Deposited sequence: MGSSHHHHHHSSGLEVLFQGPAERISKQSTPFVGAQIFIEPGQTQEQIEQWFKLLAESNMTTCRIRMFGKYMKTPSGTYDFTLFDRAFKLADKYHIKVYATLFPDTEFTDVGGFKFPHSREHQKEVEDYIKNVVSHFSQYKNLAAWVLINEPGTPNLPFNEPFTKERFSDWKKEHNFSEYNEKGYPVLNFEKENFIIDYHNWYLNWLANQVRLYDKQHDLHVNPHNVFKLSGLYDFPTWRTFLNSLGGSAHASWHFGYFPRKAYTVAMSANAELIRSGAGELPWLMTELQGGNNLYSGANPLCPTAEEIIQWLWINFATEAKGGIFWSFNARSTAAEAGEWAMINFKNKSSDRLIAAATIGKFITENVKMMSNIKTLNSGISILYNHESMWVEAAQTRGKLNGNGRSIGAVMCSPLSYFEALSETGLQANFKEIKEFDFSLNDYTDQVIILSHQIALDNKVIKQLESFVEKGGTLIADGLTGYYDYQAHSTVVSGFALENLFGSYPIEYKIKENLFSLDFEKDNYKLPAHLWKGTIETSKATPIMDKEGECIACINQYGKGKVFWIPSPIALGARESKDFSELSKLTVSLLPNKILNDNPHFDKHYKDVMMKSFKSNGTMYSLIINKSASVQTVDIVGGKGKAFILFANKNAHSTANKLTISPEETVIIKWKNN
């Protein structure tokens, strides 16, 4: 069996939804049209409920029929392990209920994997669909016992080294280790019966659930990392006109989690919300093309849509499907097919995509989210999600300048190199940093790194103890000390001395006293920011939330201008970007075998002319779904259009 690699040819595919009641004729209609739509791959939920007989023995007939029809039309299968559960459980249970239930799951895996491993068209086991839940069942006897056990193996003091009170976040650290444990245990159960096939898993709702996910530990037992990125469930932090930015960030976040492993998007929205979804929609054809290009330009090795055909009963009946109710192509499948086709006509290019790293990394950490949950309310600086919305705003501001940026958990960043010249780290409202990471940040800047920090970055440590109160742990690196935070309106202006910038800011104004660092003053004569030279590199610190400020004002233009002014000149010379900020336009570049490309998407209401500067060579338009044209390096791109430029 073919193992996936960073050189595999990317695929477009879709969920094939198998339940009892379906006829051989309907199932074949689906696989035939899937193959005709230039799709290579399906995913199939291996429902234990539809394989278990009254007596307890397994009947594989319903799924044999589907696997055999996939094989006939040369379609390879991602098979999701999905034990018996309530019919009304849409997404599946995330952990065993009990020791008795764990044994039902052991028996389920033995039966399913032993049988279905024999099909030559099996491409992967999905160990579990959508691992992680906001609310873990601490009520249930299995989780209660595993948390009790976990606490006895971990010693915690109620005070720190200096004698101050601390929080230890026993619950949050247990939850990380419990996810690590059960996914590793599922991988091991599969490996008892099949060592030949790729192990995959699709983390979801990542801008809220990232605090459950230790992606570096997962790399030890996975072959590839998946994701669900549903416009209707996961992008609540954005308007629809910025789902481009949402999909870009979601992709960057999984890519970072994947590390040395290849990644793909296991779940994209293929169809209409009727009664389902939190932010319901029907993706436009234009949106299908945007989502596929953003994923592939971000190194994705596939895009699987949920779903090809629809469920028939209760939750989500006749929703999410790419085919209409006569089993023919919606404009969404016609659009997905144009991308399948582009791939088979440009195999060498699409098989070898590497993101063009600007060298900008936007870092988030679990501990900032844990501390925020303890200090806060659901809306905003004083609510759950500011610690993610803040980095997402820098991310958006850089997208509207046409620059790539990574989006990583801080443990996924490599702090071991000897040189970080022309590398940039943005810590936007990462309210919790400990001594160990401050040393890594000290090392990074010393060796040439640029560090940009805003909002309440470093206010607390990993124990929710504030060094701002006891003795500021970042005084050395920042070359300055915080004085006050004063709360203001939801939205206020930081007006810099000599009219250099008027910056939107959210909720709190910070004042500092500089020691080694160069002060920056506002028109009111207060010190609001500084630049510290620290070894070969530099630090820009502005302890007002200017990122949440741009988000709340719905204008990222001033955050874009400031951030560009702080970037090493090498980033702007070597990477294609926009001559200035463009509201609701995105660009992201990539390489394949030494050739550079640029993805451009216009999400504005009007035709835009973007001046692309930096990079090398003449823009040739390789892909454009609404007849964009270029004069020199000025691209004229229509609303909702996706453009790939090949630089010659």
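> Numbered from 1 along the deposited sequence, what ranges are absent from the coordinates?
Those stretches are 1-21, 398-399, 403, 673-674, listed in order.
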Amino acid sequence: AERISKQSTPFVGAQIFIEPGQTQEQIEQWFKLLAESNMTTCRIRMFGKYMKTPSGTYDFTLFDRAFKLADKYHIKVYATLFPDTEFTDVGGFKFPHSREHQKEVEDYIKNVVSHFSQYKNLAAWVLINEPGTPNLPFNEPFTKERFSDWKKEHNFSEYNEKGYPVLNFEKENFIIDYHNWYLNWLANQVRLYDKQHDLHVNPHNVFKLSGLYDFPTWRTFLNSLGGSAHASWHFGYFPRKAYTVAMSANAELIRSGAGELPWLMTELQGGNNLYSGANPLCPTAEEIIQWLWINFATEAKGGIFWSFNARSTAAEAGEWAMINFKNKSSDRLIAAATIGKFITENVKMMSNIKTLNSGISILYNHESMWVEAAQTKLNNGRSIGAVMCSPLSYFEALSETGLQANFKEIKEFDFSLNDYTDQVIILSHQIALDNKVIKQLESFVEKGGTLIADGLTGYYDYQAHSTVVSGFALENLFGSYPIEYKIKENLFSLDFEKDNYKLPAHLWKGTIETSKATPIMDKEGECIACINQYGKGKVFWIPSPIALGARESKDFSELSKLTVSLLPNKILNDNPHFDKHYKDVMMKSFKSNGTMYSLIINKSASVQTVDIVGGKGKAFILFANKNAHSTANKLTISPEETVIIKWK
From here on, numbers count along this sequence of modelled residues.
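In this text, the rigid core denotes the largest set of C-alpha atoms whose superposition between the two forms falls within 1.5 Å.
> Comparing against the shown form in 5 other deposited structures of this protein, which stretch has the larger RMS C-alpha deviation after a rigid core superposition, 134-142 or 82-90?
Per-stretch check in 5 other deposited structures of this protein: the more divergent one is 134-142.
> Rigid core superposition, C-alpha RMS per stretch in 5 other deposited structures of this protein: which comes out larger, 358-366 or 491-499?
More C-alpha displacement in 5 other deposited structures of this protein shows up in 491-499.
> Using the B-factors recorded in the PDB entry, average over the C-alpha atoms of 174-182 and of 140-148, then report which stretch comes out higher.
Mean CA B-factor is higher for 140-148.
> Averaged over C-alpha atoms, is the B-factor higher for 493-501 or for 197-205 in this PDB entry?
Looking at the record's C-alpha B-factors, the answer is 493-501.
> With respect to the C-alpha temperature factors reported in the PDB entry, which of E161, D331, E319, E287 ranks highest?
Going by the entry's C-alpha B-factors, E161 comes out highest.
> Looking at the C-alpha B-factor values in the deposited entry, which of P391, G132, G510, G277 comes out highest?
Max CA B-factor in the entry, restricted to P391, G132, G510, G277: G132.
> By its CA B factor, does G226 count among the lowest, middle or highest third of the modelled residues in the chain?
Bottom third by C-alpha B-factor.
> Is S598 in the lowest, middle or highest third of its chain when residues are ranked by C-alpha B-factor?
Lowest third.
> Where does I637 sit by CA temperature factor within its chain: lowest, middle or highest third?
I637: CA B-factor falls in the lowest third of its chain.
> Thinking about Cα B factors across the chain, which third does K348 belong to?
Highest third, going by the recorded CA B-factors of the chain.
> Please place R43 in the lowest, middle or highest third of its chain according to the CA B-factor in the PDB entry.
Lowest third - that is where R43 ends up once the chain's C-alpha B-factors are sorted.
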